[PDB]
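Presented below is the structure to which this report refers.
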Amino acid sequence: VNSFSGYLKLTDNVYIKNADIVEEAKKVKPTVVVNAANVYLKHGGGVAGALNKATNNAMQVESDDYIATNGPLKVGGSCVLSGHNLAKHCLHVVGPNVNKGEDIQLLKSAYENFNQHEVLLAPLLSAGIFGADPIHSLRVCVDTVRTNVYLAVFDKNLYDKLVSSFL
Ligand SMILES: O=C(O)Cc1c[nH]c2ccc(Br)cc12
């Protein structure tokens with residue numbers, strides 16, 4: 001048993017809810033929250049900007065030190081950093097950004113990072129301002145992630161569309 005509430009069950013291991021991932025993280029304090037990161041860990045907008053704002057910018061301070069030491073992530077890659085006040089850990093995962101012209105085929109590689117963690121709270125990778133089709137992102141998630149993933153979908157109309165189209 002775990003502390004996630006009100007999720008619709010999609011598969012053996014994938015669950016979904018219409019929720020603000022910031023508010024969900026604050027309530028659950030999961031072991032792992034996933035950030036929809038970029039390779040520079042520049043958290044100004046979207047989930048990255050919302051998560052970072054909820055940490056009072058401590059996520060961005062930590063991330064700038066990580067980049068100064070290690071250099072940028074790869075598209076499809078990830079790193080584990082602090083979860084600050086939201087979670088034990090934050091898994092920063094870089095899905096391809098279609099609006100920057102990155103290869104959508106890297107989405108599967110991005111989701112494979114989730115398999116290193118038994119349970120995660122996560123957004124859909126490469127959807128929203130990332131420019132990929134969220135229906136596609138959900139299909140890649142279910143076909144790639146084998147660990148238990150709790151997906152938070154911010155947009156109510158998109159949540160309803162994802163559930164009603166899910167195969
Ligand atoms: O949860 C959503 O509504 C869509 C979504 C999934 N991933 C996202 C990343 C950024 C932004 Br902005 C939105 C998204």
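Ordering of the structure tokens sets the chain letters (A, B, ...); residue numbers start at 1 within each chain; ligands are numbered from 1 in the order shown.
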Close residues, residue A:95 itself excluded, 12 Å, only C-alpha atoms, min 3 positions apart in chain, as an MDAnalysis selection string: chainID A and resid 34:39 73:78 92 98:114 123:132 137 140:141
Export, as a compact mmCIF listing (two decimals), in the first residue's frame, the selected residues with N, CA and C atoms.
# COMPACT_ATOMS: atom_id res chain seq x y z
N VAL A 34 9.11 13.49 -10.39
CA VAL A 34 9.81 13.70 -11.67
C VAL A 34 9.59 15.14 -12.09
N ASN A 35 10.68 15.80 -12.49
CA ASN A 35 10.64 17.11 -13.16
C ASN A 35 10.78 16.92 -14.65
N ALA A 36 9.98 17.67 -15.40
CA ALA A 36 10.10 17.81 -16.86
C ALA A 36 11.19 18.84 -17.15
N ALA A 37 12.43 18.39 -17.09
CA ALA A 37 13.62 19.24 -17.15
C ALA A 37 14.06 19.47 -18.59
N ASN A 38 14.95 20.46 -18.74
CA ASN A 38 15.78 20.63 -19.95
C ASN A 38 17.22 20.30 -19.58
N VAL A 39 18.06 20.21 -20.62
CA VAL A 39 19.46 19.75 -20.43
C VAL A 39 20.27 20.71 -19.57
N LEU A 73 22.85 17.80 -19.09
CA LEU A 73 22.31 16.44 -19.33
C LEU A 73 22.25 16.21 -20.84
N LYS A 74 21.96 14.95 -21.20
CA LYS A 74 21.58 14.53 -22.55
C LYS A 74 20.05 14.60 -22.70
N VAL A 75 19.59 14.92 -23.89
CA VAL A 75 18.16 14.67 -24.21
C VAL A 75 17.91 13.18 -24.10
N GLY A 76 16.92 12.78 -23.30
CA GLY A 76 16.63 11.38 -22.97
C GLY A 76 17.26 11.01 -21.65
N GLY A 77 18.11 11.85 -21.08
CA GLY A 77 18.78 11.50 -19.82
C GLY A 77 18.17 12.09 -18.58
N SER A 78 18.79 11.89 -17.43
CA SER A 78 18.24 12.32 -16.15
C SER A 78 19.33 12.50 -15.12
N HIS A 92 15.15 14.59 -12.34
CA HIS A 92 15.05 15.55 -13.47
C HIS A 92 15.23 14.76 -14.75
N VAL A 98 9.89 19.12 -28.90
CA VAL A 98 9.49 19.24 -30.34
C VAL A 98 9.62 20.71 -30.75
N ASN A 99 9.31 21.66 -29.89
CA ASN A 99 9.35 23.11 -30.23
C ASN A 99 10.79 23.62 -30.37
N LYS A 100 11.78 22.83 -29.96
CA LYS A 100 13.22 23.09 -30.24
C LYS A 100 13.74 22.19 -31.36
N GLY A 101 12.90 21.36 -31.98
CA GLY A 101 13.29 20.45 -33.07
C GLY A 101 14.04 19.19 -32.64
N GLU A 102 13.88 18.73 -31.40
CA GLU A 102 14.51 17.46 -30.90
C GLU A 102 13.73 16.21 -31.34
N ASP A 103 14.43 15.09 -31.47
CA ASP A 103 13.93 13.81 -32.01
C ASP A 103 12.95 13.19 -31.01
N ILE A 104 11.67 13.13 -31.40
CA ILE A 104 10.58 12.48 -30.62
C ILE A 104 10.93 11.03 -30.28
N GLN A 105 11.75 10.31 -31.08
CA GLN A 105 12.14 8.90 -30.81
C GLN A 105 12.89 8.77 -29.48
N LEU A 106 13.41 9.89 -28.93
CA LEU A 106 14.13 9.88 -27.64
C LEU A 106 13.17 9.81 -26.46
N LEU A 107 11.85 9.91 -26.72
CA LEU A 107 10.89 9.87 -25.61
C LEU A 107 10.98 8.53 -24.85
N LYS A 108 11.13 7.41 -25.58
CA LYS A 108 11.23 6.09 -24.91
C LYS A 108 12.45 6.05 -23.97
N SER A 109 13.60 6.55 -24.48
CA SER A 109 14.83 6.63 -23.64
C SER A 109 14.58 7.44 -22.36
N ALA A 110 13.86 8.57 -22.52
CA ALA A 110 13.55 9.44 -21.37
C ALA A 110 12.75 8.65 -20.33
N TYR A 111 11.68 7.95 -20.76
CA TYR A 111 10.85 7.16 -19.81
C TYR A 111 11.62 5.99 -19.18
N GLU A 112 12.65 5.48 -19.86
CA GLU A 112 13.40 4.35 -19.26
C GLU A 112 14.05 4.77 -17.94
N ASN A 113 14.33 6.06 -17.74
CA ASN A 113 14.91 6.53 -16.48
C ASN A 113 13.99 6.18 -15.31
N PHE A 114 12.68 6.16 -15.58
CA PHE A 114 11.74 5.90 -14.45
C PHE A 114 11.92 4.48 -13.85
N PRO A 123 4.85 13.92 -14.31
CA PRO A 123 4.05 14.44 -15.42
C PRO A 123 4.29 13.59 -16.66
N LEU A 124 3.44 13.79 -17.66
CA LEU A 124 3.71 13.21 -18.97
C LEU A 124 4.90 13.87 -19.64
N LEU A 125 5.87 13.06 -20.07
CA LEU A 125 7.07 13.68 -20.71
C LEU A 125 6.77 14.10 -22.13
N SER A 126 7.38 15.22 -22.50
CA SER A 126 7.32 15.79 -23.87
C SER A 126 5.95 16.39 -24.24
N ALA A 127 4.95 16.38 -23.36
CA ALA A 127 3.63 17.01 -23.64
C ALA A 127 3.62 18.51 -23.22
N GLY A 128 2.46 19.15 -23.18
CA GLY A 128 2.34 20.59 -22.87
C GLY A 128 3.21 21.42 -23.77
N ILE A 129 4.00 22.36 -23.19
CA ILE A 129 4.91 23.27 -23.96
C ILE A 129 6.09 22.51 -24.65
N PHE A 130 6.29 21.22 -24.37
CA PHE A 130 7.32 20.38 -25.05
C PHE A 130 6.89 20.05 -26.50
N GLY A 131 5.60 20.17 -26.83
CA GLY A 131 5.23 20.11 -28.26
C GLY A 131 4.87 18.75 -28.82
N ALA A 132 4.99 17.68 -28.02
CA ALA A 132 4.60 16.33 -28.49
C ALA A 132 3.15 16.13 -28.11
N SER A 137 2.60 10.37 -25.69
CA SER A 137 3.46 10.31 -24.48
C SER A 137 2.90 9.29 -23.50
N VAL A 140 3.70 5.76 -24.81
CA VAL A 140 5.11 5.40 -24.60
C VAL A 140 5.32 5.11 -23.11
N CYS A 141 4.75 5.89 -22.21
CA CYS A 141 4.90 5.67 -20.76
C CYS A 141 4.45 4.25 -20.45
message: For the structure I just gave you, how does DSSP split chain A - specifically, which residues are strand (DSSP E)? Reply as a PyMOL selection string.
response: chain A and resi 8-9+14-18+32-36+78-82+89-93+119-122+148-153
Any idea what's packed within 8 Å of stretch 6-8 of chain A, counting only C-alpha atoms, ignoring anything in its chain fewer than 4 positions away? Could you give it as an mmCIF file with N, CA, C and O atoms, in the first residue's frame?
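Output (around04.cif):
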data_model
loop_
_atom_site.group_PDB
_atom_site.id
_atom_site.type_symbol
_atom_site.label_atom_id
_atom_site.label_comp_id
_atom_site.auth_asym_id
_atom_site.auth_seq_id
_atom_site.Cartn_x
_atom_site.Cartn_y
_atom_site.Cartn_z
ATOM 1 N N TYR A 15 -0.981 4.659 -13.125
ATOM 2 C CA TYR A 15 -2.156 5.333 -12.543
ATOM 3 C C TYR A 15 -2.200 6.775 -13.024
ATOM 4 O O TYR A 15 -1.082 7.370 -13.305
ATOM 5 N N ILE A 16 -3.348 7.420 -13.067
ATOM 6 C CA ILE A 16 -3.442 8.805 -13.610
ATOM 7 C C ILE A 16 -4.482 9.598 -12.832
ATOM 8 O O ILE A 16 -5.524 9.037 -12.412
ATOM 9 N N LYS A 17 -4.261 10.886 -12.668
ATOM 10 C CA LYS A 17 -5.176 11.804 -11.954
ATOM 11 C C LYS A 17 -5.109 13.192 -12.572
ATOM 12 O O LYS A 17 -3.981 13.626 -13.020
ATOM 13 N N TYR A 150 2.616 7.233 -10.927
ATOM 14 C CA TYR A 150 1.415 8.029 -10.616
ATOM 15 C C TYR A 150 1.509 9.289 -11.450
ATOM 16 O O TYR A 150 2.352 10.165 -11.121
#
- request: Mind listing the helix (DSSP H, G or I) residues of stretch 48-167 of chain A, per DSSP on the backbone, as number ranges by chain?
  value: A: 48-54, 58-70, 98-100, 104-116, 128-130, 134-144, 156-165
- prompt: Nearest to residue A:46 among A:156, A:82, A:30, A:20, with distances taken over only C-alpha atoms: which residue is it?
  reply: A:20
